[PDB]
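A.B. asks: Attaching a single structure in structure tokens format; questions to follow.
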Number of protein chains: 2
Amino acid sequence: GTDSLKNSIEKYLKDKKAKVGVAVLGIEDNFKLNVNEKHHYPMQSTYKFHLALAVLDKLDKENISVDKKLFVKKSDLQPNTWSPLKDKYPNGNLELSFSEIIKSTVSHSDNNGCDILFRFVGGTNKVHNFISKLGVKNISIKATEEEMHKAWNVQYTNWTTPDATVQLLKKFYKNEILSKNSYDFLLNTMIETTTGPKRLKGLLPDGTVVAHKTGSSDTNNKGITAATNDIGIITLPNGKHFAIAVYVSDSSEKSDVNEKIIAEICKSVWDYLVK
Amino acid sequence: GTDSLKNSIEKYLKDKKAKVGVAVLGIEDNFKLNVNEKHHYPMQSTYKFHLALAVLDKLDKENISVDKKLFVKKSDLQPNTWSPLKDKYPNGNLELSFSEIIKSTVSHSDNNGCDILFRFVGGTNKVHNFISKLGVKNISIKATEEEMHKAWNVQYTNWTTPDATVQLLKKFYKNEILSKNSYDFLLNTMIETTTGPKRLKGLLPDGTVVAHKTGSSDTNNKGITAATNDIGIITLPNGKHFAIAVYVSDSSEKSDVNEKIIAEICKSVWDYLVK
Ligand SMILES: *C(=O)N1C[C@H](NOS(=O)(=O)O)CC[C@H]1C(=O)NOCCN
Ligand SMILES: *C(=O)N1C[C@H](NOS(=O)(=O)O)CC[C@H]1C(=O)NOCCN
Ligand code: NA
Ligand code: NA
């Protein structure tokens, strides 16, 4: 039962030197599980999911095709950050579609793409309000990637509870947020995600569909990695779905262990739900 | 004359809110120019040039082909840093040649590749000593990319004078450091560099050969960008060469202006040397 799975997870976490937030919500059925869920966890790149929702909603509502192109200035592509876009287009100063920018932002976690889209959409407070007005409490979106890169503590202003994340993912999945078209596009993009292959996906059978979004922080001079996260919707072998979110925060563990925590917890929920 | 070029550069720098270090050394002739050269500038990624020298020297001396492969563990490919390798190989755990790793490290500034190679070569102190024993004073190599990412001030321990950089580049170029084979390989790799196209190269004629290596820091909460650098060897239209190094340090300027400083100073030296 849910209780026993939960006790298994808590016992697993006993000897891990990190503050680990877990939530699971069945999509089609009533399954629900929360562990350490009343803390505020730094989202890092996970909030590119939320940004993508606000962007596509804005494109939908204002009737703007995702094939329309922004001019991406050289200066939008900062060297001082994770950015496959910048490596693909080192000169910048070119026209890129919303589609290409979103795909790089979500599937490849582009930091520049993220901030290009915050600017397009009208800033962090626009996304913060958008998510809020969907009826999901306990998500704070306050800082761009550039803002977070300036100072360690800024990441903690972009925070969430893990149960708000899976409430949001479930709303998304049951297409309560977007048009059909934009829904399919974001969903595909999340399945096509290439980052964190040994996180949620790490110990599930080969080929399991995991539509997800990672996030990761740096480590400070005290050995603390603020955030090692993965959030997503996973397809069970009978075609049903669950939303899951895991936040490994303020960890003294090494990165292999931080990812393993996510993979093992996910594997434990998977095993329980398949039966 | 050299003096007047120098006064032009100093006058240019007058209204730039940054501490800018410049050195130029003719390769074949006696041209020499230094501006603010007695300060210690944070190298950032420029020190991947120095690392590559130590690596190739170690491969040369120990008779190890650059086509031999390291096993790159998942954990060598940290998500929390600029890394085209990691995006190309998200699962990690594969065999990569020294050649592929060096190319990504130098030409595409891979941070993971850098630290993989520090470990191969035997650590920062091995590279520090190697450079020292070449007869080039005033270069300090103390910290890996992972070490620098933990704390703001760590970058200042990897420091250089700009005239040590061009002394080093000149030694390299006149093939006083490596075997023929490893020389050609590093030189090609530096020409194939794709980063910072609007730095040294930014205002020179199209097609000018610039064998170079960039580096860039983050910006802190006070608006200071610690480092915006480019170092290289440039081919004049009569086939002669000059080494140049520019360090735009502790700048309150925006990134466009920081790069422009490098491009305009380089353009001024180019124009003087072509005549
Ligand atoms: C996201 O969390 N990012 C961007 C990128 N992707 O990582 S991942 O989403 O976990 O795969 C690199 C890590 C992180 C950063 O934003 N890293 O920058 C350091 C934080 N100031
Ligand atoms: C090098 O300076 N790097 C690595 C990468 N390349 O930039 S570039 O060499 O200027 O083109 C990104 C910037 C920089 C970093 O190491 N960035 O990380 C932040 C410093 N802790
Ligand atoms: Na931060
Ligand atoms: Na640093």
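Chain lettering (A, B, ...) mirrors the order of the structure tokens, residue numbering begins at 1 for each chain separately, and ligand numbering begins at 1 in order of display.
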Can I get the residues of chain B within 7 Å of chain A, each with the closest pair of atoms and their distance in Å to one decimal, using only C-alpha atoms, sorted chain first then ascending number, as JSON lines?

C.D. replies:
```
{"residue": "B:75", "atom": "CA", "partner": "A:256", "partner_atom": "CA", "distance": 6.4}
{"residue": "B:79", "atom": "CA", "partner": "A:216", "partner_atom": "CA", "distance": 6.9}
{"residue": "B:80", "atom": "CA", "partner": "A:218", "partner_atom": "CA", "distance": 5.6}
{"residue": "B:81", "atom": "CA", "partner": "A:82", "partner_atom": "CA", "distance": 5.8}
{"residue": "B:82", "atom": "CA", "partner": "A:82", "partner_atom": "CA", "distance": 4.5}
{"residue": "B:83", "atom": "CA", "partner": "A:82", "partner_atom": "CA", "distance": 7.0}
{"residue": "B:84", "atom": "CA", "partner": "A:84", "partner_atom": "CA", "distance": 6.6}
{"residue": "B:90", "atom": "CA", "partner": "A:195", "partner_atom": "CA", "distance": 6.1}
{"residue": "B:91", "atom": "CA", "partner": "A:197", "partner_atom": "CA", "distance": 6.3}
{"residue": "B:150", "atom": "CA", "partner": "A:220", "partner_atom": "CA", "distance": 4.5}
{"residue": "B:151", "atom": "CA", "partner": "A:221", "partner_atom": "CA", "distance": 6.0}
{"residue": "B:194", "atom": "CA", "partner": "A:90", "partner_atom": "CA", "distance": 6.6}
{"residue": "B:195", "atom": "CA", "partner": "A:90", "partner_atom": "CA", "distance": 6.1}
{"residue": "B:197", "atom": "CA", "partner": "A:91", "partner_atom": "CA", "distance": 6.3}
{"residue": "B:216", "atom": "CA", "partner": "A:80", "partner_atom": "CA", "distance": 6.3}
{"residue": "B:217", "atom": "CA", "partner": "A:80", "partner_atom": "CA", "distance": 6.2}
{"residue": "B:218", "atom": "CA", "partner": "A:80", "partner_atom": "CA", "distance": 5.6}
{"residue": "B:219", "atom": "CA", "partner": "A:150", "partner_atom": "CA", "distance": 5.5}
{"residue": "B:220", "atom": "CA", "partner": "A:150", "partner_atom": "CA", "distance": 4.5}
{"residue": "B:221", "atom": "CA", "partner": "A:150", "partner_atom": "CA", "distance": 5.2}
{"residue": "B:255", "atom": "CA", "partner": "A:75", "partner_atom": "CA", "distance": 6.9}
{"residue": "B:256", "atom": "CA", "partner": "A:75", "partner_atom": "CA", "distance": 6.4}
```

A.B. asks: Write out as an MDAnalysis selection string the residues lying within 12 Å of residue 43 in chain B, counting only C-alpha atoms and excluding same-chain residues fewer than 5 positions away.

C.D. replies: chainID B and resid 21 48:50 138:145 148 154:162 164:165 213:217 226:231 245:249

A.B. asks: Please determine, counting only C-alpha atoms and all ligand atoms, which residue among A:259, A:37, A:122, A:24 has the shortest atom-to-atom distance to ligand 1.

C.D. replies: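 Closest candidate: A:259.
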
A.B. asks: Please extract the residues of range 93-167 of chain A with a backbone DSSP assignment of strand (DSSP E) and present them as a PDB file with N, CA, C and O atoms, in the first residue's frame.

C.D. replies:
```pdb
ATOM      1  N   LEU A  94      21.046  35.774 -35.312  1.00  0.00           N
ATOM      2  CA  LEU A  94      20.257  35.080 -36.296  1.00  0.00           C
ATOM      3  C   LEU A  94      18.835  34.905 -35.839  1.00  0.00           C
ATOM      4  O   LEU A  94      18.531  34.997 -34.653  1.00  0.00           O
ATOM      5  N   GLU A  95      17.991  34.506 -36.774  1.00  0.00           N
ATOM      6  CA  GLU A  95      16.585  34.306 -36.519  1.00  0.00           C
ATOM      7  C   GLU A  95      16.294  32.837 -36.147  1.00  0.00           C
ATOM      8  O   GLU A  95      16.698  31.931 -36.839  1.00  0.00           O
ATOM      9  N   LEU A  96      15.669  32.611 -35.010  1.00  0.00           N
ATOM     10  CA  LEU A  96      15.369  31.244 -34.565  1.00  0.00           C
ATOM     11  C   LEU A  96      13.899  31.161 -34.216  1.00  0.00           C
ATOM     12  O   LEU A  96      13.396  32.017 -33.534  1.00  0.00           O
ATOM     13  N   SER A  97      13.260  30.050 -34.542  1.00  0.00           N
ATOM     14  CA  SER A  97      11.864  29.892 -34.261  1.00  0.00           C
ATOM     15  C   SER A  97      11.646  29.673 -32.780  1.00  0.00           C
ATOM     16  O   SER A  97      12.475  29.108 -32.072  1.00  0.00           O
ATOM     17  N   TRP A 159      11.501  28.523  -6.010  1.00  0.00           N
ATOM     18  CA  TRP A 159      11.303  27.348  -5.143  1.00  0.00           C
ATOM     19  C   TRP A 159       9.949  26.731  -5.398  1.00  0.00           C
ATOM     20  O   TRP A 159       9.029  27.376  -5.879  1.00  0.00           O
ATOM     21  N   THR A 160       9.792  25.519  -4.906  1.00  0.00           N
ATOM     22  CA  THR A 160       8.535  24.789  -5.076  1.00  0.00           C
ATOM     23  C   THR A 160       8.403  23.775  -3.961  1.00  0.00           C
ATOM     24  O   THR A 160       9.414  23.259  -3.455  1.00  0.00           O
TER      25      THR A 160
END
```

A.B. asks: Skip residue 234 in chain A itself and residues of its chain fewer than 5 positions away, then list as a ChimeraX atom specification all residues within 9 Å of it, counting only C-alpha atoms.

C.D. replies: /A:200-201,208-212,240-244,270

A.B. asks: Now that the selection is made, can you save its residues with C-alpha atoms as a PDB file, in the first residue's frame?

C.D. replies:
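Writing done, so here's again-v9.pdb:
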```pdb
ATOM      1  CA  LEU A 200      14.001   9.319 -13.113  1.00  0.00           C
ATOM      2  CA  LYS A 201      14.729   7.076 -16.120  1.00  0.00           C
ATOM      3  CA  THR A 208       9.912   3.355 -20.663  1.00  0.00           C
ATOM      4  CA  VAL A 209       8.322   6.667 -21.767  1.00  0.00           C
ATOM      5  CA  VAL A 210       9.427   9.441 -19.392  1.00  0.00           C
ATOM      6  CA  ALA A 211       8.376  12.927 -20.331  1.00  0.00           C
ATOM      7  CA  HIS A 212      10.595  14.994 -18.016  1.00  0.00           C
ATOM      8  CA  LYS A 240      -1.708   4.657 -17.585  1.00  0.00           C
ATOM      9  CA  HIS A 241       0.497   7.459 -16.237  1.00  0.00           C
ATOM     10  CA  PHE A 242       1.953   8.891 -13.097  1.00  0.00           C
ATOM     11  CA  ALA A 243       3.454  12.260 -12.373  1.00  0.00           C
ATOM     12  CA  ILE A 244       6.596  12.224 -10.207  1.00  0.00           C
ATOM     13  CA  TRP A 270       7.415   2.151 -10.597  1.00  0.00           C
TER      14      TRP A 270
END
```

A.B. asks: Per DSSP on the backbone, what are the helix (DSSP H, G or I) residues of range 91-271 of chain B, as a PyMOL selection string?

C.D. replies: chain B and resi 98-107+111-121+124-133+145-149+152-157+162-173+180-191+255-271

A.B. asks: Would you compute the distance between CA of residue 184 in chain A and CA of residue 32 in chain A? Give it in Å to one decimal.

C.D. replies: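 Distance reported for this atom pair: 25.2 Å.
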
A.B. asks: CA of residue 107 in chain B and CA of residue 207 in chain B, how far apart in Å?

C.D. replies: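 Straight-line distance from CA of residue 207 in chain B to CA of residue 107 in chain B works out to 17.1 Å.
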